[PDB]
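We've got the same protein chain twice here, in two forms, each standing alone as structure tokens: structure 1 and structure 2.
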Structure 1
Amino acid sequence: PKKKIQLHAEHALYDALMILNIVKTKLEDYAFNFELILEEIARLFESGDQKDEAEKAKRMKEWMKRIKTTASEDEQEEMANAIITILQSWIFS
């Protein structure tokens, strides 16, 4: 439901912000926790017949894995902002 994904999206955002801070300065712990939350967000979207939103959650889970090995500093910031932007959209609406 929307109330459940809103709560989980806020906690996923706290992981993503902490990881972005680590990248620009325990990352495996925050990333593993981030993956678990986005897995559950995708399942909650799948149960609510929002396949596109669930596809976004699965995409963000893969982006987080790529962020630890992405060479481009400009692409690292784009992927981090893209993850944060989507999570804030789930929290707002």
Structure 2
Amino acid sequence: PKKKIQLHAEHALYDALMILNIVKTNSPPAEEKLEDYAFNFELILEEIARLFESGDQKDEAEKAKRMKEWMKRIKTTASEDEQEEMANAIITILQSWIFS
């Protein structure tokens, strides 16, 4: 399922990057879209976790579950600094899945 995971990770990275751009900007309309990007991201990461679970990469599946919880923090409670830190952590992991 590596090819499937790579494709899901690319689309999840698109969501995460748009969210990071929203976090770093003060745009009244762009704050409404953050929840939509976040929910889409959570759906993708749940599927990535299952694909890892279907294989023998339990640690990677646990990473995917945590990233889903981080995005829940990003879209609800988190401060701008906390949002960016979690967004960057997410982006780093997705890049590792995409390029290796």
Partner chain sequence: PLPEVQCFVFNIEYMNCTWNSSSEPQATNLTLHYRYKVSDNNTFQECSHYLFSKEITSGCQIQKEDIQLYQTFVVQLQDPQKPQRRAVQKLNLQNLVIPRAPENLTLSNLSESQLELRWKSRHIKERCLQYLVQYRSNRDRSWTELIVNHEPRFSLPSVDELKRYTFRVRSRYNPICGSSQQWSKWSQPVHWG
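In this text, rigid core is short for the largest set of C-alphas that superpose within 1.5 Å between two forms. The first residue in the sequence of structure 1 is number 1, and each one after it adds one.
K.L.:
Which depiction, structure 1 or structure 2, is to be taken as the form solved without its partner chain?
P.N.:
The form solved without its partner chain is the one given as structure 2; the other form is structure 1.
K.L.:
Once you line up the core, how about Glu10: does its CA shift reach 2 Å between structures 1 and 2?
P.N.:
No; that C-alpha moves by less than 2 Å between structures 1 and 2.
K.L.:
Following rigid core alignment, is the displacement of the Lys68 C-alpha between structures 1 and 2 equal to or greater than 2 angstroms?
P.N.:
Yes, the C-alpha position differs by at least 2 Å between structures 1 and 2.
K.L.:
On a rigid core superposition, how far has the CA of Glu77 moved between structures 1 and 2, in Å, if you could check?
P.N.:
Taking the core as reference, the C-alpha of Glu77 is shifted 2.7 Å.
K.L.:
Would you mind giving the Cα movement of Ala31 between structures 1 and 2 in Å, after fitting on the rigid core?
P.N.:
Superposing on the rigid core gives a C-alpha shift of 0.4 Å for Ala31.
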